[PDB]
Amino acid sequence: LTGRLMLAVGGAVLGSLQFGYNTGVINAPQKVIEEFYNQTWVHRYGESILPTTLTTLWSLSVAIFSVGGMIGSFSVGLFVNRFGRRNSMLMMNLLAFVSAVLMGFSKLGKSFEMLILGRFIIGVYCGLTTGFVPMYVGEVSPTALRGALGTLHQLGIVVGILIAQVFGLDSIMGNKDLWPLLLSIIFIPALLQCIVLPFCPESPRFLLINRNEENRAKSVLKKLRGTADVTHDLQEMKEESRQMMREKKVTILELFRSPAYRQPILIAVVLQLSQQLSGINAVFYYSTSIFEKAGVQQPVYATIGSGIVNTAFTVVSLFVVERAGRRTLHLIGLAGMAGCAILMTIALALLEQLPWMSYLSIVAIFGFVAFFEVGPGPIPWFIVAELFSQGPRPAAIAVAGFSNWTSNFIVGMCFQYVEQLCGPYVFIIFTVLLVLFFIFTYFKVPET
């Protein structure tokens, strides 16, 4: 709208791009980084790395990111209310630069420890970012536009996944020599945000409420909203303030202890479990590895195809979530992912008998990814926001986010263990989970 509003949102969702890039960058170059792990292991000890050790060490490098994300999401409120939304985003680029350097120089340092540490730290940054950007974009934008502009967060997530995937081709940075730059290149969005943010406005909601500077809030609203009559924005921020002061902010402990909040927080947690325990990130962490075992032509291209499908259905989901009930779209998603995970299993199990089953795995994953963005992707966050009023809602989101990261960790840390143990029957484990989550949602989850 305004122009200065574009700059503020644009500089904010760079971190959304960061969130997606760091999510799906470790997929395509698994084999070349695993080779480095082995090359390091023989350099230190003289023997080749054990295959199960390489599985654990590489799983940890993928998963330690989620351990960091749980901590950062948990620390969002600490930073956002003390330093502001804009200054916290600026400040936290320190985390991105520290992580780019640890991962960028891990090969020079011959240290998978550095890489794992960098993965942990860039995790903390992303858990903080996925709290910062929605708040800032939501508080900086007009009321009529704050809904549409909010979608740029998840748009930047999926676009950044796609960029990391494309950058993972052997033809560019996804190879033996340039994979440290592939992990390290996040400093370019980071440096770019450090330059833009000092020119972005602080949140008017933050200046008016958290710091009690009405006149500075008014001045920022004047720049964000070109017209001089910003009293409607001021009154709404005051009207939202009075409504937010009507309820006492429930703590996490109170949420679990109160029989009035024990059931709604159950629906919210299980719905976050249903998003990650669907195995969505088996795809975005390991699709290149699983496509290779599926005999796919060129796995990295099939991976990129999933990220293209992921972006297309994220864009498609934005126009469908407000045209159907949360309950229906979540079950449709869980059901589609269940069938695609079945097709994935029959293709994996009939590959030795039929070579063209490699193409069926590409179709299974494309639809597995497609059904996710329409249901299990966004909907767990819709119900939790509509299950709770302003009083308990912050604590409920914090608990939801901790359930998300925790089950993300489980998949990314354990998928390869149950892969070398179940073979072509790994995705039935996801079908069994999806089906349980399906009957749970059919019985326990109300429609909002």
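The first residue of the sequence shown is number 1, and the count goes up from there.
- Stretch comparison (254 to 262 versus 99 to 107) by mean CA B-factor in the PDB entry places 254 to 262 on top.
- Once the C-alpha B-factors are averaged per stretch, 272 to 280 and 238 to 246 rank with 238 to 246 first.
- The entry assigns its greatest Cα B factor, within the set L354, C126, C194, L162, to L354.
- Take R119, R85, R323, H153 and read off each C-alpha B-factor from the entry; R323 has the highest.
- In the deposited entry, the Cα temperature factor of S66 sits in the bottom third of values across the chain's modelled residues.
- Looking at the C-alpha B-factors along this chain, the one for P392 belongs to the middle third.
- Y359: CA B factor lies in the highest third for its chain, per the PDB record.
- When all modelled residues of the chain are sorted by CA temperature factor, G226 is found within the highest third.
- Residue-level temperature factors show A190 in the lowest third of its chain, judged at the C-alpha atom.
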